[PDB]
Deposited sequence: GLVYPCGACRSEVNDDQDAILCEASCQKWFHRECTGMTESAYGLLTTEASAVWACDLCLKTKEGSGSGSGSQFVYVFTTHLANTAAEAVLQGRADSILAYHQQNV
């Protein structure tokens, strides 16, 4: 099969950091095509109860587990790294 990046349209390969808009548009995105940080990527992909939503799905409220936009994933991860949140789910819980 082939999996075109939802933003740049080239193939997303297994050796590339990538996230899936799995609860909506069903497209893979290269991490660097989304604005997501490395830390947000590492923490979100490790959390099986978390799903990510891409910017185009957010724009039309497509589809309307814990849901993170790129911005929420970034800020939750920064709080984790700073020792200000115990985990990205704990941050989501507190902040919505």
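Comparing the deposited sequence with the modelled residues, the stretches lacking C-alpha coordinates are 1, 66 to 73.
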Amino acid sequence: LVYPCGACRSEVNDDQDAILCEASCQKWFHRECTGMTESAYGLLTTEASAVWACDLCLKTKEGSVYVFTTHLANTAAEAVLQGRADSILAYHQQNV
From here on, numbers count along this sequence of modelled residues.
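The mean Cα B-factor in the deposited entry runs higher for 53 to 61 than for the other of 37 to 45 and 53 to 61. Going by the entry's values, 85 shows the largest Cα B-factor out of 19, 85, 73, 25. Residue 1 sits in the highest third of its chain by CA B factor, as recorded in the PDB entry.
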